[PDB]
Amino acid sequence: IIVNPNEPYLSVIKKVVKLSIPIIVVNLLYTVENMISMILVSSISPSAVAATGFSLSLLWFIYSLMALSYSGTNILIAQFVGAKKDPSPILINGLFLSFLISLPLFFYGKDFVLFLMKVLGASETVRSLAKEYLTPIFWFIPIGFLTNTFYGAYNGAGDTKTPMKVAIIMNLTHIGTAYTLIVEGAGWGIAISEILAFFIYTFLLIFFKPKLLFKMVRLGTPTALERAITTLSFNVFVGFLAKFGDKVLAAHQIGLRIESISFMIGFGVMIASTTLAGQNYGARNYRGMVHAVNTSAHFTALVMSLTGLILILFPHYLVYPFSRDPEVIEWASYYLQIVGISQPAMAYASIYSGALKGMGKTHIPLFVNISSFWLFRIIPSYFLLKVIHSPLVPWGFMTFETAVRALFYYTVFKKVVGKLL
Amino acid sequence: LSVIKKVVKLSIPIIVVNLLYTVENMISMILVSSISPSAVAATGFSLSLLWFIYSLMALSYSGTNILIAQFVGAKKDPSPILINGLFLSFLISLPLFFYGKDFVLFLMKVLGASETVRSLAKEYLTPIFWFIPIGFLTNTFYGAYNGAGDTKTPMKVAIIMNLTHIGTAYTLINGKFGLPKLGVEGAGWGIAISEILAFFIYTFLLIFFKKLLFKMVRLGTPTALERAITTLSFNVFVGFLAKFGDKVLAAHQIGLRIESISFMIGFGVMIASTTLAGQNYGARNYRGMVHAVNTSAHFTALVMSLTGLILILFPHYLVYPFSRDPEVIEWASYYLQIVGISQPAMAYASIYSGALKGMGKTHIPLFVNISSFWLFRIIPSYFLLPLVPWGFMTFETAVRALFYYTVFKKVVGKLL
């Protein structure tokens, strides 16, 4: 049991924040894992941090195929626990499906970096560090694909406290492994942290609990696309500010870290709403999920309304840890006040697209976050952006555009449930 | 629909369209072999790169070829599918318009091009990309006339597309009419001007012939990724033979042309089965579509049983147009004998994987031909690793593509 009834008042939901703070902790700890990873790699040379830096941002492209092993496992388990049906065939077929697509990026995995590494602007000695840094990682990718599937498996059953306690220890495993082994030492910090957490889940399986490979691949197919395509998409949005020198290039990276710390709240509610909508839609409790997602939307909007306010009223404060060049503090402060207006939009953007994932409409955020980016973030902030001479137009449009969809494709949730009743 | 019928009435016109397309590029390669050999490399690497790029046409094709068939079968007005198909087609032509031109320069330099080849590729791919909207509209008109079952009209246009393409190329290659030699640019204008003249035909007869755009994208999205990912997949399959020198690399491309001369048959029947399965599924008549795809599979497998058998019995006869070194004739003869056995299977593959496109489950060939090329061709070959990846291909492209026919029997099993 986890589902709230069919609009049964309870205007305060409470249960949502209990099943979100754990996901917020897991996502905030992902930043501490990489921030400390930058401190441990910077102890040797900046050439190794370049090999690690471009690899992590490239590990985004790699881990995009990890979406099938998550959504295919997270969604069906959430619905099956909702309908009180045995959620065991989804786990064994999901963990096998995770290992299935784990083979392509097992052998020719370091090539996906090294080959693409030089075509963007790498050196000969920088890439040799990346090869030593990534060789122990691509050996244990089927291990990571199993850990990711275990993550999505617990999220469906409404037990996000298990991937929280494991994340706290897994990071101390990663912190301890690299800090002692430290460019190849940091690579063992990832592989060993993935076999430890996996074996904990293996130990947390002794006392925890194939024609559907289609349904798992079919649901998460847009997710692996949406992840991979948005990466290239954001690369196009960043490229619009590379034309304004490294000054604004650094100022956009400063806004990224300020957004990332401000994003872990929403992504935690997203995976939450993904579970809450799945358990409700699985039990044929349709009036309750809309009463739940609307409640989460209302509360997350106020959380984001506070978040944007802090970004607006303390721009120079939030850039202070990165405040060096005043022209960079300039563009960074302008960015914070611009996207500080579009924070409540992200409350509805992630929930409407996140709750639909559990409901099965995973193909919608793909068609959505792409079409609400190309002919909206890029083209209006490019085609009509020829004569502007300002970085505030891709920033002004990204805030303006993000609103559309976030608040303007409400409709897809407004009406997909309309015919559902 | 109960005895036997001329199912070739849909296949033959498309076969002519899929043929001569061979001649359109064989002669064009000769028209660019008339100049310097460096321009032929700029041509081949362009057409190959055009194979990768021409993956977004499936979204503009399947979205138009599938729904029109179902609606022509359902006797429902199929005009909103064409006006929004061409409209969507024009809008999928913009992401490549002035944004995928430099993609060639970014991709040629990563495969080992020459500073001159990248330049000849530009002068060749300059008029091609200016008229991407015109080629996409004609590509959508193809599936439009195929969906309605009128594949003879594009066959007339394909023949028009040929005489203008070769005519303009052969003229602009050297300036036959007192014109300046455009070089590699003349072949580029041959394609472009042949697209605009074919497009004007489709718009002229549109004068006397004849929203929910999200659903169309839900149809062509897996099909577009199939052509895109299979191209990378076959790149990995060839990569297993690059380790055996250039004599095995050459014999494989020789088999490619001999296969293509034998491939245009099944592709036309695939579109034929794509249309026949489309109309009868939109009209609920399931006994008519199951009996048709069964009869299509039976008749095509026999043709492919003759086609492959000839390849097995006449290897060194059919390769001599490409034979130079007897060691290359050796490896090429084995490739034909191996693929000649799996030819009757591709008959069932193109017809079944293609009928499911007509039924709306277009994410079926994607989930299959990917999971069939990788963990059944690439992986088993990579383990046992030229007759090891060659035998496995036939062993796979037959057996796995075969017994997958049960999924069609299962999709139909619950359909009744």
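What follows draws every value from the coordinates through simple rules; no lab data is involved. Neighbour counts are summed over all protein chains in view; Cβ atoms, including those assigned to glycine, are modelled from backbone coordinates with ideal geometry.
Worth a mention:
- Meeting the requirement of 1 or more residues that are within 14 Å of another protein chain (Cβ to nearest Cβ) and farther than 30 Å from A:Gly121 by Cα, the helices (runs of 4 or more DSSP H) wholly within segment A:37-102 are A:68-82, A:89-100.
- Residues being closer than 27 Å to A:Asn294 by Cα and either assigned to a helix (DSSP H, G or I) or away from chain B (no Cβ under 14 Å) (or both) are represented in segment A:311-318 by at least one member.
- Among the residues of segment A:251-277, those identified as under 28 Å from A:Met359 (Cα atoms) and out of contact with any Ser or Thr (no Cβ under 9 Å at 6 or more places or on another chain) are A:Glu259, A:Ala277.
- Some residue of segment A:71-90 being more than 22 Å from A:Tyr201 (Cβ to Cβ) and either in contact with a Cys (Cβ under 9 Å, 6 or more places away or on another chain) or crowded, with 19+ Cβ neighbours inside 10 Å (or both): yes
- For beta carbons closer than 7 Å, sequence separation of 6+ or different chains, a first residue in segment B:212-224 that is within 11 Å of another protein chain (Cβ to nearest Cβ) and a second that is in a helix (DSSP H, G or I) and among the polar types (S, T, N, Q), the qualifying pairs are B:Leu213/B:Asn84.
- Verdict on A:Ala178 being within 21 Å of the chain's Cα centre (by Cα), away from chain B (no Cβ under 14 Å) and hydrophobic (A, V, I, L, M, F, W, C): no
- The single condition from (1) more than 25 Å from A:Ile2 (Cβ to Cβ); (2) small (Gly, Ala, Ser); (3) not in a loop (DSSP other than H, G, I, E, B) that A:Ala153 fails is (1).
- Which numbered condition B:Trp130 fails, given (1) crowded, with 20+ Cβ neighbours inside 10 Å; (2) within 30 Å of A:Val119 (Cα to Cα); (3) away from chain A (no Cβ under 14 Å); (4) touching a helix residue (DSSP H, G or I) at 6+ places or on another chain (Cβ under 7 Å): (1)
- For B:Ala398: the one exception among (1) buried (at least 19 other Cβ atoms within 10 Å of the Cβ); (2) within 13 Å of another protein chain (Cβ to nearest Cβ); (3) of a type in the set (A, V, I, L, M, F, W, C): (2)
- In segment A:103-116, the residue that is farthest from the chain's Cα centre (by Cα) out of those that are more than 11 Å from every other protein chain (Cβ to nearest Cβ) and of a type in the set (A, V, I, L, M) is A:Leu114.
- Condition check for B:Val236: assigned to a helix (DSSP H, G or I), more than 30 Å from B:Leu88 (Cβ to Cβ) and β-branched (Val, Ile, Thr): yes
- Any hit, segment B:191-206, residues being away from chain A (no Cβ under 14 Å), in a helix (DSSP H, G or I), within 21 Å of the chain's Cα centre (by Cα) and of a type in the set (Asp, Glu): yes
- Any chance B:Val303 is among the aliphatic types (A, V, I, L, M) and touching a helix residue (DSSP H, G or I) at 6+ places or on another chain (Cβ under 6 Å): no
- Search result, residues across segment B:28-39 that are among the hydrophobic types (A, V, I, L, M, F, W, C) and surrounded by fewer than 18 Cβ atoms within 10 Å (Cβ to Cβ): B:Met29, B:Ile30
- Complete set of residues in segment B:269-314 that are under 23 Å from B:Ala74 (Cα atoms) and within 20 Å of the chain's Cα centre (by Cα): B:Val269, B:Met270, B:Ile271, B:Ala272, B:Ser273, B:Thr274, B:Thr275, B:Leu276, B:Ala277, B:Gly278, B:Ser296
- Residue under evaluation B:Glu185, criteria (1) surrounded by 14 or more Cβ atoms within 10 Å (Cβ to Cβ); (2) over 24 Å from B:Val17 (Cβ atoms); (3) within 14 Å of another protein chain (Cβ to nearest Cβ), criterion not met: (3)
- Extreme residue, surrounded by the fewest Cβ atoms within 10 Å (Cβ to Cβ), among residues of segment B:333-364 that are closer than 27 Å to B:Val248 by Cα and either within 14 Å of chain A (Cβ to nearest Cβ) or hydroxyl-bearing (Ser, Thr, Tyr) (or both): B:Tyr334
- The lone exception for B:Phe367 - which of (1) away from chain A (no Cβ under 14 Å); (2) surrounded by fewer than 24 Cβ atoms within 10 Å (Cβ to Cβ); (3) not aliphatic (A, V, I, L, M) it fails: (1)
- Against the test of being β-branched (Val, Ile, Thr) and within 14 Å of A:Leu95 (Cα to Cα), the options A:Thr173, A:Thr202, A:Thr177, A:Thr162 yield a single qualifying residue, A:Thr202.
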